[PDB]
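Here we start with a single chain on its own, the form deposited in one PDB entry, put down as structure tokens.
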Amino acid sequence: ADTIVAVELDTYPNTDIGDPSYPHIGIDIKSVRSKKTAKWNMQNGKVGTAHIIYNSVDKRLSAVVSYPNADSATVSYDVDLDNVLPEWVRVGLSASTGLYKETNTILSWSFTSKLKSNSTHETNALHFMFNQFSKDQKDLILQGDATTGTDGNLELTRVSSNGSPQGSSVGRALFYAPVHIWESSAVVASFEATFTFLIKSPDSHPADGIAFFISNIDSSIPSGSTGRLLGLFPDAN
């Protein structure tokens, strides 16, 4: 049903569905089998940052993930999103846990979308920046187990009172207003997203990951999308 384009931060290697033998970042185009991946030296307990960029001139969706005092991981993929996604979309964050677990804490999230026309000084733009999430965040659509306000953070997956991450959990957060990614007169369309996250787990093999995604406006969590499916895909096809 849903049309998904996502940049996944996959913490658990499911070699059976294509994942390499280590934590990695990937670019999914309508499938959990990333069309491109890169080795990601994930750090349990540290706060990392993910930057995602794209422009209609280059037609290259790229993402860079980093941790303070460490080398970053980068992954690019040539794709024309006008040929994949509809005109109006909704952007969001998703995460899941399965038998193995982890906290999927989002500490901040910014996003910028620009459509420049052939007309003189004619730019349309949308930009949001969340550095503090409140208990009643009305400009966010929360699905599944996602909640706001706990320490001013976004918890994508269920976390108990003592701070322990629960398993078999799945949650997503989408910005309220639909975003316009294509125009008829647009000479250049672009977008950039940034978000800091904290993945913490008492386990040695944490699972499953966090993903920034772009889907159709009426997108909802597919049934049985916990675990390796990251709350984005209905199956591993």
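All residue numbers refer to positions in the sequence shown, first residue = 1. Shifts are known only where both forms have a C-alpha. C-alpha atoms forming the largest set that superposes within 1.5 Å between two forms make up the rigid core.
Asker: Per the entry, where is the mean C-alpha temperature factor higher: 13-21 or 217-225?
Answerer: The stretch with the larger average C-alpha B-factor is 13-21.
Asker: Averaged over C-alpha atoms, is the B-factor higher for 89-97 or for 162-170 in this PDB entry?
Answerer: Mean B over CA atoms: larger for 162-170.
Asker: Going by the CA temperature factor in the entry, name the top one among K138, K135, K116, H127.
Answerer: Result of the comparison over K138, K135, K116, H127: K135.
Asker: Name the one of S56, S184, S66, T194 with the greatest CA B-factor according to the PDB entry.
Answerer: Most elevated C-alpha B-factor of the set, per the entry: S184.
Asker: Relative to the other modelled residues in the chain, which third contains the C-alpha temperature factor of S204: lowest, middle or highest?
Answerer: Top third by C-alpha B-factor.
Asker: Relative to the other modelled residues of the same chain, rank the CA B-factor of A70 and answer lowest, middle or highest third.
Answerer: CA B-factor rank for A70: middle third.
Asker: Could you tell me which third, lowest, middle or highest, the C-alpha B-factor of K36 occupies within its chain?
Answerer: Middle third by C-alpha B-factor.
Asker: Pull the Cα B-factor of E122 out of the PDB entry and bin it into the chain's lowest, middle or highest third.
Answerer: Answer is highest: the recorded C-alpha B-factor places it there.
Asker: Mind checking which third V188 falls in for C-alpha B-factor across the chain?
Answerer: According to the entry, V188 has a C-alpha B-factor in the chain's middle third.
Just so you know, the form deposited with a partner chain bound exists too; it's not on screen, but the next bit is about it.
Asker: Does its partner chain come within 4.5 Å of any heavy atom of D80 in the deposited bound form?
Answerer: Outside the cut-off, so no.
Asker: So, in the deposited bound form, is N41 in contact with its partner chain at a 4.5 angstroms heavy atom limit?
Answerer: Yes, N41 lies within 4.5 Å of its partner chain in the deposited bound form.
Asker: Using 4.5 Å between non-hydrogen atoms, is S34 touching its partner chain in the deposited bound form?
Answerer: Result no; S34 lies far from its partner chain in the deposited bound form.
Asker: Taking 4.5 angstroms as the cut-off for heavy atoms, does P206 touch its partner chain in the deposited bound form?
Answerer: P206: yes, in contact with its partner chain in the deposited bound form.
Asker: Flag this candidate site as yes only if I4, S168 and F212 all have a heavy atom within 4.5 Å of its partner chain in the deposited bound form; otherwise mark no.
Answerer: Negative, none of the three is within 4.5 Å.
Asker: Superposing on the rigid core, is the CA of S204 displaced by 2 Å or more between this form and the one not shown?
Answerer: The answer is yes; the displacement is at least 2 Å.
Asker: Suppose the core is superposed; which segments, at least 3 residues long, show C-alpha displacements of 2 Å or more throughout between this form and the one not shown?
Answerer: Run moving 2 Å or more: only 203-205.
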